[PDB]
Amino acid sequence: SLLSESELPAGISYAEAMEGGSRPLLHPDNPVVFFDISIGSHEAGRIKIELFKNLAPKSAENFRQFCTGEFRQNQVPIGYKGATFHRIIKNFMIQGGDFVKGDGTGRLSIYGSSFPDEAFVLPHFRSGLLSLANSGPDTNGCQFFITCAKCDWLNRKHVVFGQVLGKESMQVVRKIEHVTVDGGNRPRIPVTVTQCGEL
């Protein structure tokens, strides 16, 4: 299923994504969501994200509901509002979305405790892609990462299911990427999704 770079669909090059606004580029029915990020107490800006429903519908919908507050447990919404980025590796990726525990151990999806890997269509071919964190095959939950470089060694083990849109989005990713971290790559100052939703 994995596409080579020469066979990638229109709308997902870095240049194309950086020209993006608030509407999807890969397929017209893909949802666009956002995170407003705080670094410590300071507003860092907005990351807009196209979710590739056309290629990874389950993964896209899971992320979308966690952005909008539509997923509940016994009538209590849970999702990315207030979630942190707990693992940041310069020149590699930024990882977050553990709203369960805030430390990387958390796993919950809108489908249950976990959900299987969808088809591995897209490669980790550049910075600015959204991909699922996991604990091996068929263990997707709530965590994700945004690539800060090509990382094709992750291909066929993590589903690439979205892309950040526009220059501000990437600027925010770069800001997060370069914060000071401890020896375990945890930020010294918290990085939080203070608001999120659908555009």
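Residues carry their position along the shown sequence, with the first being 1.
Of the two segments examined, 153 to 161 and 59 to 67, it is 153 to 161 that shows the higher average Cα temperature factor in the deposited entry.
Comparing 98 to 106 with 70 to 78, the stretch with the higher mean C-alpha B-factor in the PDB entry is 70 to 78.
You'll see in the entry that, of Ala83, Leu129, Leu122, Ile88, the Cα B factor peaks at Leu122.
The entry lists a Cα temperature factor for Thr192 that places it in the lowest third of the chain's modelled residues.
Sort the modelled residues of the chain by CA B factor and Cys148 lands in the middle third. In the deposited entry, the Cα temperature factor of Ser41 places it in the highest third of its chain's modelled residues. For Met170, the recorded CA B-factor ranks within the middle third of the chain. Only modelled residues enter the ranking.
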